[PDB]
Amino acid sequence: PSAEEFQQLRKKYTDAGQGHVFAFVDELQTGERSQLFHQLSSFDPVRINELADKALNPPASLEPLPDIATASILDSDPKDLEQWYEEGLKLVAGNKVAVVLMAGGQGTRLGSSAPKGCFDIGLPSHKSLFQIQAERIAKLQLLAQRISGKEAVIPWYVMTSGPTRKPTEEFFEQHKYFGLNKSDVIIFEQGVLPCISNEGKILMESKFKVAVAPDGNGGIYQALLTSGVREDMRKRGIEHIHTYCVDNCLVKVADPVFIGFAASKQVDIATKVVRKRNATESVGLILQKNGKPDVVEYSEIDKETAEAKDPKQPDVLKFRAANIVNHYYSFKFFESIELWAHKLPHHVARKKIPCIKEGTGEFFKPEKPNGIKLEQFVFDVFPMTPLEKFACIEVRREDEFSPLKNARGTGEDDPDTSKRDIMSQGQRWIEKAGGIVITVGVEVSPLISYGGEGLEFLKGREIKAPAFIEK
């Protein structure tokens, strides 16, 4: 970096009212100086000022989704369920189905040292969430072959952040990709935005480093372009994508019912919900806003809409379609990302951000929250999508949604509720297949059963819970 170049960038920053990021250049090594220059060269402080301004100095008709845009597996015609299952498996067997795992979370409520997908919830197998998910992919590729007599590939695109990327890659490598082919698993990274003081100023982590944070799960779309992942999908002939969150231990990865349902309705986007468990559950609610499909995040909803009651049913929530972060896209939808990625709004959250005191140089952790994180949300493409190209499908919580949000000891959405849900699931499947569990719960490996099939061999047999059915 020359003097002219360093000076021209300084000017940009100074003119933008962000000159303080250069206030310790005085006392910097030649390479700490380049760390600062290179990182500042990758932000436009004017767009930073623009974001900071909408966030800090900021400027609906609201009904349930109409029944044309909604379905449920709890009351679908069984002929439909069967047809959707079959079509989903055929699309898997045609190598047209990809999976995008959103694993860009630091997992702050869980306070673990490792990525959340590495977490062992205490199952007898001691498998991670990542491994459980990989094995569902493996098992579904096998089920697909049973009706093609040919290999079935579901590529697995794993989206991480700066914080999770390296440990995620090491973990996958140390487990030999959980038995999948390395060449059908791509680990990529979401982008970042700088953290912002309450007063609009870029926070500095050190005297040579801007404080940045992941740009939210809504960062998926831009990261699909710049990572090369969308191009890999085009190359492989992918036409259908299942996107989910890593923290859900029950997630039906590439669920064939979901895929076949969406593909046969020819939507651009579909999404899963469950019945909200109470007014206060920390879930987005899917609904119709200003004529369009939309989500209100739990952090942005008002008490009155969260607590509104169904007129005919005075104890049931009016808005109870809980977002479980299981989305479908057509590949064609991803072909349009350049035209609307930029229109995704920035959600704001107050944060305690450790930084350099501006003036002192003192690398302090703050008492009250001293700034803000900006995040895009994955579901903010929903109102971009016509009702007729959108579908929402209700599923059963007990089979499809068990999130790991909190640490052992919390009492909900934690490792013990997760463990209990998998093992309770496994016992239900066995009991349906004819087995007898003595006693709690049973862990069924995904390689044995994806979704409750293949357990005939257990008919008549007694199983002493807790148990583990594997190879």
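Here, rigid core means the biggest group of C-alpha atoms that superpose within 1.5 Å across both forms. Residues carry their position along the shown sequence, with the first being 1.
Displacement analysis by core superposition in 5 other deposited structures of this protein ranks 143 to 151 above the other of 109 to 117 and 143 to 151 in root-mean-square C-alpha distance from the shown form. In summary, of the stretches 225 to 233 and 71 to 79, 71 to 79 shows the greater Cα distance from the shown form in 5 other deposited structures of this protein, with structures fitted on the rigid core.
The gap between residue 59 and residue 60 holds 4 to 9 unmodelled residues of the deposited sequence. Per the record, residue 439 and residue 440 are separated by 4 to 9 deposited residues that are missing from the model. Higher average CA B factor: 206 to 214, of the stretches 206 to 214 and 271 to 279. For the segment pair 442 to 450 and 30 to 38, the entry gives 30 to 38 the higher mean B-factor, averaged over Cα atoms.
The residue among 291, 386, 105, 88 whose C-alpha carries the highest B-factor in the deposited model is 105. Residue 109: CA B factor in the highest third of modelled residues in this chain (values from the PDB entry). When the modelled residues of the chain are ordered by C-alpha B-factor, residue 355 sits in the highest third. The PDB entry assigns residue 252 a C-alpha temperature factor belonging to the lowest third of its chain's modelled residues.
The deposited CA B-factor of residue 415 belongs to the middle third of values across its chain.
Ranked within its chain, residue 364 lands in the highest third, by CA B factor from the PDB record.
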